[PDB]
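Take a look at the structure below.
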Amino acid sequence: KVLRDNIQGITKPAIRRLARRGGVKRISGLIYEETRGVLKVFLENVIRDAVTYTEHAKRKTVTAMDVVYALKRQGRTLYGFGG
Amino acid sequence: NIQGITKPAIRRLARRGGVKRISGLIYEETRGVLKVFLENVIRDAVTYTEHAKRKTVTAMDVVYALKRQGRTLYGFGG
Amino acid sequence: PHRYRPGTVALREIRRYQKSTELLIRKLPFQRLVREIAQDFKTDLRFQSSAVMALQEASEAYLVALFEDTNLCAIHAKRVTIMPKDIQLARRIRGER
Amino acid sequence: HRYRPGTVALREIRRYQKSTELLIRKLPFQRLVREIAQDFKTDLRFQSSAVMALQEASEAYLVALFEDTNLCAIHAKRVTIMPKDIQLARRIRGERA
Amino acid sequence: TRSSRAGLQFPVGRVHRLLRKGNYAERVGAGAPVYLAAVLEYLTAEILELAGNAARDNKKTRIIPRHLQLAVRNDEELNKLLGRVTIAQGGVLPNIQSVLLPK
Amino acid sequence: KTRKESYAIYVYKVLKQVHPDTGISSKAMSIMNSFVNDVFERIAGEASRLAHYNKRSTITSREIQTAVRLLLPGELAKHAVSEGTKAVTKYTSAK
């Protein structure tokens, strides 16, 4: 079933919570959309790559490993999920 | 030696840098910055020479160093 | 009644979220998002539930790293409030596009 | 007639972005290079291309750096670059801590 | 040759040697030195294209490093690719921030 | 007097293929040669991991291909795969 507008799942209180672990105290209202903007360019990058691995592995299922390899590729190495 | 990196030379680099106006304290700051830079690159470079058992640091040691450091340079035998 | 002054709960919340490690974005929204973006690259993809969880781990880390550097930019500008332009300076400087 | 404060600075930017020649006189640079390396190993020789390589890499880097420095100056409604900018630039680059 | 047999200008032999010797894998397919030599050929064309252009624009018959730099930094897609590469004698693009300009 | 290799002559031939009435300097020639080697490593390298990742011993045109798709920006990748798939098929024509 069709999927639409999901970036707005990234509610404002969460984009808040992250900013707090980030040491930010005062948040301008025009921040919440820019963050979604950024998160999107971010996920579009990791998944373009994750997927390319999945396509190469000739699979219909994207694995924890394809993700981890992608991150490593983008210089955002991640421990905790294999590799 | 370090102070051999002249104020005017540092000014030119900032002009090619797009910078219009320059504080006095910059010039010294630039120097520490440049120093740190060469050190790291030359440390890695020399390590290549030390491992190549050479008296001559080559261009390729430099080039390999810059690669290591993610500051790849073209035009000295890529 | 009673009313904490502006900025008082912010400081509290910072300390809360800096003690813990649990993910900040909700789990389900997050997934829906990732399934979207991925669909729009290739249809008919499935995910190891751990593979979503990886991308999220990687996502939040980034954004928290991001806010960190955003925050510095706010402060650079004799300000205390973060603004899109701040984020924008961090990304130019990080050399993101 | 005299030209105003920053008028010759403006003409100079144009002149240097149009040229590709190196901006530190290669001799004092060269002495700086030998000094720094001596601290890592004694009795050493450099290929003249090895020194040029370093020179290019270093300048290009510093220019890039001023670029990003200059943006921070601007971010702070300023027009003069200051050491506090460089520190922020590098900080966000993740060069400095 | 094989450059011929694939319509390539780029040494399909040279490439097959380099893959085997440069320790990328145990064995090396027949298509890959061809696929790659091609992609190498393709990309060196795009650069030579836009640099040459730039040398015309800058009114010279011979390409110097600058013409490469201009070609590269002005191309949005090439510039990304060489996002971490300093090109010797490249200089910079001319760019002067607004608020720095006179009023 | 050692016989050091490069891509110089082929760079030239391709230069003629695109800008027949244009030339090149040694200084820019080095840059073209550096460019070639760098790109060769990056693609070769990616391909190499690809194989490993997939518990397989061979770097085929396919590995090279997907390597290219990870290494290159949307449009430049697109053409690259073309020229890649083309010269390969054209190669497998002749024998």
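Think of each number as a place in line: the chain as shown, counted from 1.
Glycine too: its Cβ is placed from the backbone N, Cα and C atoms.
So that you can see what the record holds, here are the features copied from Swiss-Prot:
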MOD_RES   C:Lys19  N6-acetyllysine
MOD_RES   C:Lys19  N6-succinyllysine
MOD_RES   C:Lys19  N6-(2-hydroxyisobutyryl)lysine
MOD_RES   C:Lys19  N6,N6,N6-trimethyllysine
MOD_RES   C:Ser20  phosphoserine
MOD_RES   C:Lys27  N6-methyllysine
MOD_RES   C:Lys42  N6-lactoyllysine
MOD_RES   C:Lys42  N6-glutaryllysine
MOD_RES   C:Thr43  phosphothreonine
LIPID     C:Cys73  S-palmitoyl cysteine
MOD_RES   C:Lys78  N6-glutaryllysine
MOD_RES   C:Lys85  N6-methyllysine
MOD_RES   C:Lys85  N6-succinyllysine
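Contact with chain D, taken as any Cβ pair under 8 Å, is found for the modified residues C:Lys78 out of C:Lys19, C:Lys27, C:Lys42, C:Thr43, C:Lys78. Taken residue by residue with DSSP, C:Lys85 (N6-methyllysine) is part of a helix.
Chain A comes close to C:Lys42, taken from the recorded positions C:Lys19, C:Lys27, C:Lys42, C:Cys73, C:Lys78 by a C-beta to C-beta distance under 8 angstroms. Looking at C:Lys78 (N6-glutaryllysine) and C:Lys85 (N6-methyllysine), their Cα atoms lie 14 Å from each other. Listed in sequence order, the same-chain residues six or more apart from C:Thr43 (phosphothreonine) with CB atoms under 8 A from its CB number zero; the list is none. Cβ neighbour count for C:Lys19 (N6-acetyllysine) (all protein chains, 10 Å cutoff from its Cβ): 8. Comparing the Cα of C:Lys27 (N6-methyllysine) with the Cα of every entry in C:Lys19, C:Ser20, C:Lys42, C:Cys73, C:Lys85, these being the recorded positions, the smallest distance points to C:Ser20. Checking each of the recorded positions C:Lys42, C:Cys73, C:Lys85 against C:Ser20 (phosphoserine) by C-alpha distance, the shortest gap belongs to C:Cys73. Across the fold, the C-alpha of C:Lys19 (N6-acetyllysine) and the C-alpha of C:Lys85 (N6-methyllysine) stand 29 Å from each other.
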